[PDB]
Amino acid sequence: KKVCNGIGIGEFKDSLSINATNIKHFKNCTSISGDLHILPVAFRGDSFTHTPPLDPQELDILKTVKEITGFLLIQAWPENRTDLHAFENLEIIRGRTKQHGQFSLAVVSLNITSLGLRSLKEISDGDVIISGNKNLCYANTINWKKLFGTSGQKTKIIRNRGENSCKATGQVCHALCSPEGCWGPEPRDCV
């Protein structure tokens, strides 16, 4: 087990986002004491801060993360990729800090088809928001009230791929899946 600071805290105090310079420090990090931001500057680079663009392969470094005490904000993501592979092993989001003081998990306008958060089993506080992912299926299948642990939590799934359009293609929970829902089309992606 290893605890590491999040974006905006400690050595990342003025870091706007996980980027090519600071992603190395998250190696073997199983718990993040703070927030995680993934923004377009990450993959575009930033001249003023002398930050090179991020290699989408290095996002595998976060696979070891199993806990985040703050919130998770993903407003940018490589399009060649179909899901959030890096957060495969993320198990808990406590949301002691929250985006705008409300949201503990935000996915905004990604090319992903599935969330791919297999291990996520609790969201202690804060509201979930999944917005603008025009290819994202399987979202409404899961019962998010089972993950919530605080009263007042609500999910806001809007402007995403219509549930009917997802059904036509065949991108629905697998046969073996139970009513609990599914994170992806594969059985290993099932709750």
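Heads up: residue numbers just count along the shown sequence, starting at 1.
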> Mean CA B-factor: is it higher for 114-122 or for 98-106?
Replying inline: 114-122
> Which has higher Cα B-factors on average according to the PDB entry: 10-18 or 177-185?
Replying inline: 177-185
> From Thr155, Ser47, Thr30, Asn160, which pick has the Cα B-factor that tops the rest in the entry?
Replying inline: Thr155
> Taking the Cα B-factors listed in the entry, which of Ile38, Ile142, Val65, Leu59 comes out highest?
Replying inline: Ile142
> Taking the entry's C-alpha B-factors for this chain, is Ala42 in the lowest, middle or highest third?
Replying inline: lowest
> By the record's CA B-factor, is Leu54 among the lowest, middle or highest third of residues in the chain?
Replying inline: lowest
>> How does the C-alpha B factor of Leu147 compare with the rest of the chain: lowest, middle or highest third?
In response: highest
>> Split into thirds by Cα B-factor across the chain's modelled residues, where does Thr69 land: lowest, middle or highest?
In response: middle
> Relative to the other modelled residues in the chain, which third contains the C-alpha temperature factor of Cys166: lowest, middle or highest?
Replying inline: highest
